[PDB]
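Note: hydrogens, waters and symmetry copies are ignored here, and every other heavy atom, side chains too, is used. Letters A, B, ... mirror the listed sequences (proteins, then strands); counts begin at 1.
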Amino acid sequence: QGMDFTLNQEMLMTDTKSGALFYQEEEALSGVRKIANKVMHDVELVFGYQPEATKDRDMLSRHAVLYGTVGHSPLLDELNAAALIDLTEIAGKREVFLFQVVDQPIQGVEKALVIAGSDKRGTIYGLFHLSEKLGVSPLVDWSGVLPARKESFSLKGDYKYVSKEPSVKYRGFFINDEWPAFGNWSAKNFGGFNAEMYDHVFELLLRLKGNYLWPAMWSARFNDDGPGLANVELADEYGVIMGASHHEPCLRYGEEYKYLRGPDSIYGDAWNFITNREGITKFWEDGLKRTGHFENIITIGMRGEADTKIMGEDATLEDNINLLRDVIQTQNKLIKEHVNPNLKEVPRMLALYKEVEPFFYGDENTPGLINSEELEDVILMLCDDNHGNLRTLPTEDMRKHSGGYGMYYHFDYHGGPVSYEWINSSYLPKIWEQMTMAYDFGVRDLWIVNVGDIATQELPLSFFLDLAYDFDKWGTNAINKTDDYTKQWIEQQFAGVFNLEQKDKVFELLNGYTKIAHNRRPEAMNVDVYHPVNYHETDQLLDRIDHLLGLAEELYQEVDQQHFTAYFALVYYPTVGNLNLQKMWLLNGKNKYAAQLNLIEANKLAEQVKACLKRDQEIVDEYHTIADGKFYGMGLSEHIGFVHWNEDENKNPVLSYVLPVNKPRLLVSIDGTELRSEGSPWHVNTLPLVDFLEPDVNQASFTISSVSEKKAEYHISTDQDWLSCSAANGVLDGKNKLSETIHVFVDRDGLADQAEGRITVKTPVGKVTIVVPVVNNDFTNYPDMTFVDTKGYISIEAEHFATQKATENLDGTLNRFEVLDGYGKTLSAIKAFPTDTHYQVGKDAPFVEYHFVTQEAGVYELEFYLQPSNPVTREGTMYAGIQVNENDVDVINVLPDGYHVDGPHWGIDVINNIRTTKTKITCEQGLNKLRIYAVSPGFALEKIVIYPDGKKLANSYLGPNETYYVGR
Amino acid sequence: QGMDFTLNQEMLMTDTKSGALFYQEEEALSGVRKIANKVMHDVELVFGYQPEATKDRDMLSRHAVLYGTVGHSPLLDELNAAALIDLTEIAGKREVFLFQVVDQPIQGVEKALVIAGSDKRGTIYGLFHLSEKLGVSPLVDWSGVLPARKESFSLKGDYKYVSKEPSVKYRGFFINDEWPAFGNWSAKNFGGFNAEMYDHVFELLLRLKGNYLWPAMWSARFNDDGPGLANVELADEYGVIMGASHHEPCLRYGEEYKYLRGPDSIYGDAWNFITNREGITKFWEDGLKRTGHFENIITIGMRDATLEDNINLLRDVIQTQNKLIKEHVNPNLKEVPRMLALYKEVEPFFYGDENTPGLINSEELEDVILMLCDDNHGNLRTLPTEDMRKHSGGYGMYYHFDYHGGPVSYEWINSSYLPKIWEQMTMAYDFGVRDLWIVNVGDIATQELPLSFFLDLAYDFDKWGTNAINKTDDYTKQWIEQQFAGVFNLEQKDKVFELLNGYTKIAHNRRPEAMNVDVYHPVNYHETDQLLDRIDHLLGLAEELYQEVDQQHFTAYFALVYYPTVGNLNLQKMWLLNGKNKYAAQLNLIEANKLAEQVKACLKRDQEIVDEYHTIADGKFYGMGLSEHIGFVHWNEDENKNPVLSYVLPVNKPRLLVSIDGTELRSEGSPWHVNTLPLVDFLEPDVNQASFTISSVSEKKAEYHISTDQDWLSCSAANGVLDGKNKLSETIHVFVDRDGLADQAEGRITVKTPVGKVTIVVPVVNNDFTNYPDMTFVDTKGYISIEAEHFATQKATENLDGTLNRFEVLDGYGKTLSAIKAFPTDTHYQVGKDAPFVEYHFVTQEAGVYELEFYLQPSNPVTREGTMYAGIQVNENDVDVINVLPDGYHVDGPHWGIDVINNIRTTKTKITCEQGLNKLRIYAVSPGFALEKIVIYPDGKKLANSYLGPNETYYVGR
Ligand SMILES: [Cl-]
Ligand SMILES: [Cl-]
Ligand SMILES: [Cl-]
C-alpha cells in the first residue's frame with residue numbers, strides 16, 4: 001500500500017512544489033486533453049493555485065495524476081506491463097474507467113493517481129470523477145457552484161475503483177422551446193448558438209455523465225452556426241454523440257431545408273417525398289456526406305416541418321404507412337452508400353413520436369410498420385405524451401427486437417393543452433416511477449429528455465441522467481429514494497455553504513415547490529382551479545406556501561456572498577417564482593369569492609394579489625442581472641394566465657373591489673364550506689357545522705365578516721353546557737376590524753355517543769343558528785384502519801389500507817402493492833410491483849383491502865383518484881379488480897370510453913394531473929370490505945371516495961380530505 | 001249675461017274691498033265648509049291677499065262666491081225658486097256640481113259664482129273646480145306647488161258648467177308597503193299616522209277627484225291612531241269613503257286583532273272561523289258597531305281540504321257577516337256598500353267546478369262589489385265574461401304602482417309608465433270593471449303623475465279612456481303645465497316632458513331594485529351604449545332645469561321631476577357602466593379601470609340625491625327615499641349587494657385588442673387563433689357608417705397601421721399609437737363609397753399591431769330593392785327584425801252596427817318603439833269571421849323552415865282557461881291559431897316570473913317560407929295580445945343575445 005496519495009497547496013505553490021501535477025501525452029485524444037484542462041481548473045478552484053501539466057516525465061511532482069485512454073497511452077501500457085494496474089479489467093468495455101492509486105510508477109514519482117478510460121468517454125468520466133472527489137459539482141460552470149476550499153486531499157495508498165458500464169447506452173437531453181429565453185441568453189452571453197456557447201453545454205452534459213444531445217433547432221442550424229462546422233467538430237472532439245429530433249432525418253436539422261430549397265434547386269421546393277422525391281433524396285444524401293463521419297445517431301423516417309404531420313387531414317393510415325416504408329428503404333440505401341456499407345455498424349433511430357406510434361403498429365386492415373426488416377438494428381424511440389406520462393411500451397415479443405428501444409421524455413413542452421416552459425415543474429417521484437417503468441418494459445438503449453432552455457431544470461436533469469447512468473443504484477430496486485437523491489444533490493451543491501439544519505431547509509424548498517408546481521403547472525394555474533373555501537384546500541396551500549417562502553428568505557439572507565448566485569439560481573428563483581405565482585392566483589380566488597358576497601375584506605385581498613404580481617416581475621429582473629447577466633433572458637417566457645395552449649392573449653388576474661352597503665350587516669360563514677348567512681328570517685338562517693362528526697376532532701370555527709363600513713355588534717350564545725365559543729360579544733366596523741374568527745369547543749368528557757347543540761349568532765339585522773352535531777363514539781369495537789361514515793361520505797388515502805396480500809413468483813420475488821411516498825397530488829399512491837406484469841385475478845394479482853362502515857345498505861358510488869397514466873399496449877385499455885365483501889370480483893376499465901392520448905378526456909386529466917373514475921357497488925349496513933386487485937400496468941391509486949348513489953359532494957381540486965378511521 | 005264675474009287683488013285688499021268674498025251658511029255641511037276654507041287659502045296663494053267669508057249677506061262683496069249642497073242650503077233653493085239656477089239638472093245625481101255665474105242674485109251682490117253640489121262630494125269637487133280655474137295644482141299642498149300669481153280673473157257673465165257623474169263609482173288609492181319610508185316621514189312631520197297627517201292625504205285624494213282610501217295598515221291602526229277615532233271622524237266629515245284590503249273584513253284593520261286576541265279574550269286566540277267561530281264573530285260584530293255608522297265600504301269574506309267544504313265555509317262566513325251588517329249597520333243590505341276580493345285562492349270557491357255550485361250568482365253576493373286584481377306587477381288577470389257583467393253590484397280592480405313581494409319588490413321611486421296604465425285600465429273598463437278602482441301607491445311620493453292619471457281616467461273615462469287612444473303624451477304635457485305654468489317657458493316644459501316620459505319608459509323596462517349587471521348586453525346591438533347616451537342626454541336636461549328653476553319653485557321641481565329622474569337614471573347608468581367595466585376587464589383592457597371609477601361615482605351620487613331629497617323644504621320629504629333599492633338578490637332587500645368593480649393589471653407585451661363595435665367579435669391578431677373578423681353593418685343598403693375599436697392591454701407604447709385593399713373602402717386613420725396611460729383606445733370609422741358600387745362587393749381592412757395582424761372583412765349590399773313595395777323587409781344579415789308597427793297593410797272588419805275591429809298602434813308602448821293591439825279589446829275574434837289582421841312583407845334568401853318569434857307585452861289571459869291565441873298565416877296558406885303562452889302558464893309560475901321582470905314575453909313557432917317575397921298575416925283572436933316586435937331567422941340559427949332583441953333590420957323606404 002505505502003503512503004497515501006496526497007495533493008495540497010504546498011505541492012502547487014511555485015516556492016515549494018516538486019514538479020508538475022498532471023502528465024501529458026502526445027498520443028492522448030484531443031478531447032481528453034481538453035477535459036483534463038477543465039479538471040486542472042477545478043483543482044485551482046479547490047486549492048487556490050493553478051496546477052501545471054508537463055510532457056517531460058522528469059518534471060512531474062512526487063505525487064502525480066496520470067490519465068489516459070487504453071490504446072492511446074504508452075504510459076498506461078507500461079504500467080500494465082509492470083503489473084501496477086490491470087487493464088484487462090476495463091479493456092473492451094463501454095464508457096468505463098479505472099481510478100487507482102499506485103506506488104512508485106516511474107522514476108521521480110512516489111505516488112500517482114492513475115485514471116484509465118476504456119475509450120474516450122470512459123476517460124472523460126474518470127477525469128470528472130477526480131473532480132467529484134475534490135468536491136466539485138457538475139454545475140460548477142453551468143450554475144456557478146463554487147467548490148469548498150481545501151488545503152489538502154488524500155486517498156489511501158491502495159485506492160482502487162472500476163466504474164460499471166452505463167445502464168442506458170445513449171443518455172442525454174434536447175435543448176428545445178428555446179425562444180425567447182435561450183435565444184436572448186445565447187446572443188447576449190456568446191453572440192449566438194456557436195461553439196463558444198456549446199462548449200458549456202457539452203461540459204454540462206459530460207459532467208452529468210450523459211453522452212447524447214439534440215441541439216437547438218428552432219432558429220439555429222447546429223451544422224452551420226459554429227460558425228461553419230465548428231459546433232459539430234467540437235462535439236465530435238469531446239465524444240458528445242449528436243442526434244436529431246423526430247423530424248430531422250439524415251443529419252439535416254430542421255432549418256437547413258429552408259435555405260437550400262427553391263424552384264431551381266437540386267433539392268426541389270417541397271418537403272414532400274411523393275412530389276419532390278429526387279430533391280429530398282439528394283438533400284438527405286448531401287446531409288449524410290457532410291457530417292456522416294462524425295459521431296452521431298442518424299434519425300430515419302419523415303415528419304412535417306416544425307413538428308407537424310407529414311400528410312394532410314385526408315391522409316389514410318395505409319398511406320401514412322406506405323410512405324414511411326418508402327422513405328426508410330431509401331434512407332438506409334443512402335446510409336450504406338455514403339456513411340458505412342455495414343448498416344449494423346451505423347446507429348439509427350426511428351421516432352414513434354405522436355401520430356407516428358399509430359403508424360408503427362397498424363390495425364386490423366393495415367398490417368403495420370412493426371417488424372419491418374428495414375427496422376432491424378434500428379433503435380425504436382418511444383415517446384411520452386409530452387406531459388411526462390409514458391404511452392405504449394414494448395410487449396414481451398417486441399423486446400426481442402435487435403436495436404432496442406428509446407424513450408423521449410419531457411420536462412418542457414411547447415404545445416397543447418397548455419405549454420410549460422418557464423420554470424421547472426417536474427417532480428422526482430413521478431420521474432422515477434415513469435422512467436423506471438420504461439426500463440422495466442425493456443426501454444434501455446436510449447433516453448433523452450426535453451429540457452427547454454435548460455435553466456432551473458438542473459435537479460431533475462441530474463436525476464434523469466444519474467438514473468440512466470446507474471440504474472441499479474437509483475432505479476426500480478431503489479424505491480422511495482428520490483428524497484435521498486435530493487439530499488445528496490443538495491450536499492453536492494452546498495457542502496460547506498449551509499449547515500445541516502440549513503440543508504434540510506433547502507430540502508423542504510426543493511421538494512416543496514416541485515410537488516406544488518407539478519400539481520398545476522405555472523402557465524395553467526389560474527383562479528378557481530383550487531376551490532376558494534371547500535375542505536380548506538386554498539388556505540392549507542397558502543399556509544404551506546407562506547412557510548416555504550419564509551424559509552427561502554431566511555437562506556437568502558444567510559448564504560454568503562460567494563455562494564449567493566448558486567443559491568439564487570438553483571433554489572431561490574425556482575421556489576419563489578413558482579410559489580409566488582401559485583399564491584397570487586389562490587389569493588385572487590379568495591378575492592373574487594369574498595367580493596361576490598360584498599365582503600369588505602375582498603379589498604385587502606386584491607392588494608395582496610397586486611403585490612404578488614409585482615414580485616413576479618422583480619424576481620425575474622433579479623434573475624436576469626445576478627452575476628453580470630449570467631442568466632440573462634432565461635426567465636423571459638410569458639407564464640401568467642394562459643387562455644390558449646400558447647401565450648397569445650394571456651391575461652393577468654382580474655381584481656374585484658367591493659363597495660360597502662348601507663346597513664350594518666354581518667355575514668356568518670362556516671369555515672371550510674360555502675355555507676353562509678346574514679340571518680334573515682325570510683331566507684337561509686340555519687347552518688350546519690359538521691367538524692365534530694369525527695370523534696377525534698376537537699376544534700372548528702366560523703367567521704363573522706363586515707359588508708358595510710358601519711359598526712356592527714354581534715352576540716353569540718349556545719344552548720348546551722358542553723358547547724362553547726371563543727367569544728360572547730364583539731363589534732366589527734368595516735374599517736379597522738373587518739372579520740372575526742370564532743372558535744367552537746365541544747367538551748367530550750361524559751358526552752353521549754351522539755349529541756346535537758346549537759349556537760346562536762345575533763347581528764344588527766337578524767340571527768344565524770349554527771347546528772353542531774357531534775359523534776363521540778370512538779369505534780374501538782372495529783379494527784384499526786376501519787373508515788367510519790359519519791359525514792355522509794368516506795374519503796381514504798390509498799396508503800391507509802387495512803391489509804394487503806402479495807403473491808410469490810418462482811425466483812422467490814413477490815408481487816405486491818407498494819406505497820410510493822409523496823407521490824401524486826396528495827399524500828401518496830400505491831402501485832403494484834413488478835410493473836410490467838399483466839396480472840389475473842385469482843391467479844397472481846396482489847390486492848390491498850380497505851375496511852369501512854356504512855350507515856345504510858344500498859348502492860354506493862366508488863370513485864378512484866388515479867395518476868393519469870396511459871395504457872401500455874396498443875389496445876388502449878387499463879383494468880383493475882374490485883371486490884366488495886364476498887361478491888364476485890369485478891374487473892373494471894378505469895379509462896373513459898374512447899380514451900386516447902390527445903383526446904378530450906386525456907387533455908383535461910393531464911392538466912389536472914389526475915384521473916377520476918366511478919363505479920357503483922352494493923354495500924351492507926355496517927362493516928364492509930373492499931379489495932382492489934392490480935391487473936393492467938400503469939394503475940397508480942391515490943385516493944378512494946365512497947358516497948351514496950345520487951349524492952353530490954362539495955367540488956374541489958384535490959377531492960375531499962381524508963375522513964375518520966379507527967386508530968387515526 | 002251682462003258684465004263678467006271678476007275677482008282681482010283690489011277686491012280683496014282691506015282698504016278697497018266692498019265686502020267678503022265667500023258666503024257661509026250655518027246649514028252647510030261641516031266638511032264642505034272645511035274644503036271652502038282650503039279654497040280660500042288657494043285664492044290667497046293666487047292673488048296674495050286672504051279672502052274673507054261672512055254669514056251676513058249684507059256684508060258680501062259686489063262679486064261673491066256662493067257655494068252649497070242641494071238640500072243643505074236655503075240660498076240655493078232661493079236662487080232655484082227665482083229661476084237664476086236650475087237645480088233639476090243636478091238633483092239626485094252622484095258627485096255632480098253646477099258652476100254658474102249669475103247676475104244680481106241678492107241685494108248688494110252684482111255678480112256671483114254659484115257652486116252647487118248634488119251631494120257633499122259634488123260640492124267639494126265644485127269648490128276645487130274653482131281652484132283649478134285659478135291655476136292651483138291638485139299637488140299645491142302635497143308637493144308644495146305654488147300657483148302663478150294673478151292680478152285678475154274673469155268669467156263670462158253667462159258662464160255655466162254642469163259636471164258629469166264620475167265614470168267609476170269608487171276611485172282612490174292604498175297607502176301600503178309603508179315602512180321604512182312613509183313611517184319615518186309621518187313620525188318626523190306629524191308624530192305618527194294621526195289625523196294631522198291624514199288631513200293632507202284626504203286633501204290630495206279629493207283634489208284628484210278620488211273618494212276612496214285604504215289607509216296604512218302594516219303597523220298602524222287607522223281606527224285607533226287618531227288618537228282614538230279622529231282619523232275615521234275626519235274621513236267621514238270630508239266624505240272620504242274608507243275601505244280595507246282583502247284580508248281586513250268588517251271594518252277591522254289588519255293590526256287590530258293582535259292587540260285584542262288572547263286565551264281569555266272574548267275574541268279568542270286564533271284567526272280561524274271553524275275553531276274560534278264565536279270569537280271571530282264577536283270581533284266582527286264589535287268592529288261593525290264601532291265604525292259602521294261612518295261612510296265606508298265593508299270588506300266581507302275571510303282569508304288542506306275539499307272544494308265543496310271550502311265553498312260551504314266561505315258561504316257560512318259571508319252569511320254570518322251579512323247578518324251582522326243587517327243587525328248592526330242597516331237592515332237593508334242593499335243600502336250597505338260591501339266588497340269581496342276575488343283573489344286567486346278564493347276564485348275556485350267563486351266559480352265552483354263541474355260538480356259543486358260556486359258562490360257566483362248566489363244570494364250572498366247579491367249587490368256586493370266583486371274586486372278583481374292585477375298580478376301585483378301592473379298586468380291584469382282574469383276579467384268578467386259577458387254573462388258575469390250582469391252582476392248587480394259590479395266589479396272592482398285593485399292595481400299596483402308599488403309592491404312588496406315576488407319575484408322582486410318595487411318600492412323606491414315610481415317605475416310605472418302611462419301608456420301601460422292606460423292600456424290595462426281601459427281594458428278593465430271595456431270588460432265591465434267600472435264600480436271601484438283602487439291603486440297601491442306605496443308611500444305616495446314620486447307617484448304623483450301616474451296617480452293623477454289613474455284618478456283622472458277613473459273620473460272622466462270619455463275624455464281619457466278607450467276613445468282617447470294615444471293621448472297619454474297630451475296628458476303628461478297638461479300635467480306639466482298644471483305644475484309649472486309661469487315657472488318654465490315652452491322650451492323648458494318640453495324638456496320636462498322628455499325627462500318624465502324618458503325616465504318612466506326606462507324604469508318600466510327594468511325596475512330599479514331588479515336592475516343589475518348584464519341585464520342589458522354590454523356590447524350586442526349597441527343596446528348598452530344607446531341607453532347610456534339617452535341617459536346622459538336626460539341627466540344633462542335635468543341638471544339644466546335644476547340650475548334654471550326659480551327659487552320659489554325649486555322644491556316642486558326637485559320632488560316631481562329631478563329626484564325621480566336622476567334617482568332612476570343614475571341607477572340604470574351605474575349598472576350599465578358596471579357591465580362595460582366587467583366586460584372590458586375580462587379582456588384585460590386598461591379602460592376597465594376608468595369605467596370602475598365611473599360606477600363608483602354613480603353610487604356616491606345615489607346617496608347624495610337621497611340625502612338632498614330628505615333635507616329640502618325643512619324635511620318636507622324626510623324619509624321618503626329611505627327604502628333599500630340597489631342590487632336585490634331576493635324578492636326583498638335582504639342580502640342585497642352593490643356593483644362589484646373589476647380592475648385590470650397591465651400585461652407585459654405591447655398588445656392591442658381589435659373589436660367590432662356592436663358585437664363580441666374581437667382579436668389580438670395572433671396567427672394561431674382568431675384573426676379575421678366580419679364587420680356586417682354595410683349589408684344594409686342605406687347604412688353609411690360603421691366602426692371598430694383598438695384598445696390597450698398594456699401600459700406600453702403600441703403602434704398600429706391600418707390599410708384596406710379596395711378603392712371604395714376607407715378608414716378614418718392609417719397609423720396611430722396608444723400607450724395604456726393617457727390614450728387607451730381609439731375608435732376607427734369605416735367608410736364605403738357606394739357611388740358606382742356593384743350590388744354586392746367585399747373588401748378587407750388590415751390592422752397591424754406590434755404582435756400580429758387582424759383582418760376585418762367588410763361585405764356590402766348596395767342593391768336599392770326598389771323592385772319591392774315599400775315596407776318590404778329584406779334579409780341581408782341572416783335574420784329579419786320588424787318593429788310591429790311596420791306592417792305593410794292591415795284589414796279591418798265591420799260589425800253590423802257599422803263599427804270597426806282593427807289593429808291600432810299604441811305610440812311609445814312597450815320596451816322599444818311601440819306595439820299593436822286589436823280594438824275593441826274585449827272581443828274573442830274568429831279567423832274568417834271578424835278577426836282583423838296586419839300583414840308584413842319580407843324577402844328571404846332561401847326557401848325553408850324559419851323560426852317566427854314574437855316579442856309580446858306579458859299580459860295574462862282574460863279567461864279562466866289560461867290560454868291566449870293569435871292567428872298566423874303565411875302566403876295565404878292555412879291559418880294556424882297558435883297559443884302564445886308557455887305550457888302550464890299561470891300567474892306566480894316560473895315563466896310568469898321571468899317575463900314579468902323582463903317586461904316582455906317571447907314565443908316562437910316554425911313557419912315555411914318561399915324563396916324571395918313572402919307575406920305574413922297576424923290575426924287577433926284572444927284579448928290581451930299586444931305585439932311589439934317580430935324576429936324571423938332560419939331554423940337552427942342562434943342570434944347574439946340581448947335584452948331588447950335585435951334592432952330592426954332594413955326595409956324598403958326606411
Ligand atoms: Cl380522451
Ligand atoms: Cl258593463
Ligand atoms: Cl308560468
Side-chain angles (χ1 to χ4, degrees), chain A residues 180 416 584 588 591-600 602-603 606-607 609-614 616-617 620 636-641 643-663 665 667 676-685 707-708 765-766, chain B residues 180 406 574 578 581-590 592-593 596-597 599-604 606-607 610 626-631 633-653 655 657 666-675 697-698 755-756:
Chain A
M584 178 181 74
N588 186 207
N591 160 247
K592 180 176 175 261
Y593 176 92
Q596 292 158 346
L597 305 164
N598 212 98
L599 295 189
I600 314 293
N603 293 349
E607 299 298 326
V609 173
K610 217 188 313 190
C612 286
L613 187 65
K614 182 165 159 234
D616 172 89
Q617 204 33 80
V620 169
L636 264 185
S637 325
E638 287 300 312
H639 54 277
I640 289 167
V643 305
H644 297 300
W645 65 268
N646 65 348
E647 61 159 280
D648 298 339
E649 295 174 319
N650 68 314
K651 290 172 184 71
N652 277 333
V654 176
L655 309 178
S656 294
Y657 286 87
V658 159
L659 301 168
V661 299
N662 296 327
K663 282 182 193 14
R665 299 151 37 183
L667 180 74
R676 70 227 163 206
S677 170
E678 287 196 26
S680 171
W682 288 102
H683 310 287
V684 80
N685 56 57
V707 298
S708 78
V765 308
Chain B
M574 179 184 70
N578 186 211
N581 161 242
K582 186 180 140 173
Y583 180 92
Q586 294 156 350
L587 299 168
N588 212 98
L589 301 183
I590 309 310
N593 291 354
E597 297 301 328
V599 176
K600 203 202 311 276
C602 287
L603 187 67
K604 189 184 198 91
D606 173 272
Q607 202 54 60
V610 167
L626 274 173
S627 170
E628 286 291 316
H629 55 281
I630 290 171
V633 305
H634 294 305
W635 68 271
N636 66 347
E637 61 165 288
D638 296 341
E639 302 172 336
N640 65 319
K641 285 165 191 81
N642 284 325
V644 179
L645 307 181
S646 296
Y647 284 88
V648 165
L649 303 170
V651 298
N652 296 331
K653 281 181 196 188
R655 305 152 31 179
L657 184 72
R666 70 218 157 213
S667 169
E668 282 190 36
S670 161
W672 293 97
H673 311 285
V674 292
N675 60 33
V697 298
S698 80
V755 306

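- Most heavy-atom pairs under 4.5 Å with chain A, from the set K600(B), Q586(B), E628(B): that is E628(B).
- Nearest heavy atom pair, residue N642(B) against residue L659(A), reads ND2-O, 2.9 Å.
- Although no hydrogens or angles enter the test, the distance criterion places a donor-acceptor pair under 3.5 Å between the side chain of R665(A) and the main chain of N640(B).
- The candidate with the highest count of non-hydrogen atom pairs below 4.5 Å against chain B, out of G766(A), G679(A), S656(A), is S656(A).
- Note: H644(A) and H673(B) have parallel aromatic rings, judged against thresholds of 30 and 60 degrees for the angle between ring planes.
- Contact between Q607(B) and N662(A) at its shortest, heavy atoms only, is OE1-OD1, 3.4 Å.
- Under a 4.0 Å N-O distance rule, the pair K653(B)/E647(A) qualifies as a salt bridge.
- Remark: side-chain polar atoms of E668(B) are not paired, donor with acceptor, to backbone N or O of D648(A) under 3.5 angstrom.
- Between chain B and the options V661(A), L613(A), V707(A), the largest number of non-hydrogen pairs under 4.5 Å is found for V661(A).
- Summarising the geometry, atom CG belonging to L657(B) is positioned 7.5 Å from atom CD belonging to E649(A); distances are rounded to the nearest 0.5 Å.
- With a 4.5 Å cut-off on side-chain heavy atoms, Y657(A) and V644(B) do not count as touching.
- Among the candidates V609(A), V765(A), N598(A), the residue making the largest number of heavy-atom pairs closer than 4.5 Å to chain B is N598(A).
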